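Under the authors' numbering, think of the first position of the sequence shown as 1, with each following residue one higher.
For every residue, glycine included, the Cβ atom is placed at its ideal position computed from N, Cα and C.
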Amino acid sequence: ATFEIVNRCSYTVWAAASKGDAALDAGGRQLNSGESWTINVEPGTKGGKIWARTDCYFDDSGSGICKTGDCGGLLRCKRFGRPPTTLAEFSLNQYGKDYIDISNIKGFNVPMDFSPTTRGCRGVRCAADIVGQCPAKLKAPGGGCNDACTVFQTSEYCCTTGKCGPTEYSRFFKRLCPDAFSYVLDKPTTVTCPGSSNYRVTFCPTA
């Protein structure tokens, strides 16, 4: 499957692609404003994620730090990134179908559009100014808007027991982005696509 990752932001982002225990394709790359990076994702990939990292510094060997979405200081991600991270999530070729979504469960850093480039389904988007409107207690100093589980570490926010409800914090993410998961047990906003679809992830799809 092909994923074109486009940075429409006015600032540089460091794209990352992982399935949690391994990089997807190169796993990461710098994207200046307007740049596109095309990756190949193996059919059958389950639990794949793409996100943007901001304010990164890497040396000649691909080791450094990012203010948002840092994946253990590597340019090439093998693991998931440190919150806040808006997430493009996907599971491919799952009994003949692909499943995609955008999640705010790990917070928000960059607005994003996640759409198929092939026929058979619609795209998902979370493009509201979540950072600008972020409740005071969820504001991340490094940038971005943290989810309540990351900040407070409670069974209610983290849905530890699988018995949680919406909260004042999850309702804020849901209000600004109704098409993204706001908490673990949120009503699914997953989009079903034909198996083997191709996609585009656009950072800052509107501005």
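Three-state class that DSSP yields for residue i in the structure shown
| i | result |
| --- | --- |
| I100 | strand |
| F80 | coil |
| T150 | helix |
| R8 | coil |
| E35 | coil |
| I130 | helix |
| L185 | coil |
| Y57 | strand |
Alpha carbon of residue i to alpha carbon of residue j, nearest angstrom
| i | j | result |
| --- | --- | --- |
| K163 | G34 | 43 Å |
| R82 | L74 | 12 Å |
| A16 | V110 | 13 Å |
| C177 | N146 | 14 Å |
| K137 | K187 | 25 Å |
| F152 | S18 | 26 Å |
| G107 | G142 | 13 Å |
| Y157 | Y169 | 9 Å |
| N7 | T189 | 24 Å |
| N104 | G62 | 28 Å |
| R53 | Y95 | 32 Å |
| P194 | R125 | 19 Å |
| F181 | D60 | 37 Å |
Cβ of residue i within 9 Å of any chain D Cβ
| i | result |
| --- | --- |
| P135 | The question asks about chain D, but that chain is absent: this structure has only one protein chain. |
Counted within 10 angstroms of its Cβ, other Cβ atoms place residue i as buried (16 or more) or exposed
| i | result |
| --- | --- |
| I65 | exposed |
| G69 | buried |
| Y11 | exposed |
| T202 | buried |
| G48 | buried |
| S115 | buried |
| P84 | buried |
Given residue i as reference, the closest of the options once Cα atoms are compared
| i | options | result |
| --- | --- | --- |
| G28 | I50, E42, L185 | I50 |
| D113 | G123, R119, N104, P141 | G123 |
| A22 | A180, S61, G72, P116 | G72 |
| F58 | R76, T118, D129 | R76 |
| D55 | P116, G144, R125, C134 | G144 |
Same chain, Cβ closer than 7 Å to residue i, neighbours up to 5 away in sequence not counted
| i | result |
| --- | --- |
| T192 | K97, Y99, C121 |
| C159 | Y183, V184, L185 |
| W37 | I5, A15, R29, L31 |
Neighbourhood of residue i by C-beta, 8 Å cutoff - its chain only, sequence neighbours within 5 removed
| i | result |
| --- | --- |
| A1 | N40, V41, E42, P43, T45, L92, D98, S196, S197, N198, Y199 |
| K78 | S18, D21, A22, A23, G27, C71, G72 |
Same chain, Cβ closer than 6 Å to residue i, five either side skipped, listed in chain order
| i | result |
| --- | --- |
| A127 | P111, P205, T206 |
| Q30 | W14 |
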